[PDB]
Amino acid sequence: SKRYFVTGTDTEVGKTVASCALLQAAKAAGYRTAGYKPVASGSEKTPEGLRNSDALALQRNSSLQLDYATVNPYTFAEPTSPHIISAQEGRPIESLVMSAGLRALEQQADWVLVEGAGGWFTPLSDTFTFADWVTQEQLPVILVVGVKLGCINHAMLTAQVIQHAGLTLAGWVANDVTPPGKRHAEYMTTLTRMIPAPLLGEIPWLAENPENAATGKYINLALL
């Protein structure tokens, strides 16, 4: 299987909207797809247990019918850093459970997208970060950049740390989190020059429910 890890320049830059666009393009290409969000914090109560909205988006944009626990093994109610609520609840986030989950998806899907939580360095325990697990798995990384003032600094910090860890930055996606503003073209030119990876596409500002929008068309999967 082809496998990709999706990270963002910050929490809340639209990493899930860009992951749904990527899944929609891979399905259109004829791949058997599966989204995977191993760890999620910030979840709602239902009859079946806690459900996270981002993991639900990944589950319904996958071409295979998947059970929720397969998409998201670790679900926490509180919207904070996963290491804080893991310790609080007495539920360790185990690297072997996160890896087994990835393998289980690979039995049925040939194109798997793995979405982390928050940014690159999100702690999972007091001695282990999400970055350590991605390095261990040797996943190529796609960076989602929310285009706003301050995103050049955050895109270059994340890009350099991934290359320092000896991983492949497979590409980047520009996500328009605000309406058209005055220096949009110049920001897109600087970002294209500075990130050492192909620009895979640009998702426009979509006011109403953008993870349910048909966004596959904004991604050029040929460059991956």
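Numbers for residues come from their place in the sequence shown, where the first is 1.
Note on 38-46 vs 151-159: mean CA B-factor is higher in 38-46. Here 200-208 and 21-29 are compared by their mean Cα B-factor, and 200-208 comes out higher.
In the PDB entry, the Cα temperature factor peaks, among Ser99, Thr75, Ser125, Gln107, at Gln107. Reading the B-factor column for the CA atoms of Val173, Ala55, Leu167, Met188 in the entry, the top value corresponds to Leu167. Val114: CA B factor lies in the lowest third for its chain, per the PDB record. When the modelled residues of the chain are ordered by C-alpha B-factor, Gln59 sits in the lowest third.
Ranked within its chain, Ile85 lands in the middle third, by CA B factor from the PDB record. Ranked within its chain, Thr11 lands in the highest third, by CA B factor from the PDB record. Compared with the other modelled residues of the chain, the Cα B-factor recorded for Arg51 ranks in the lowest third.
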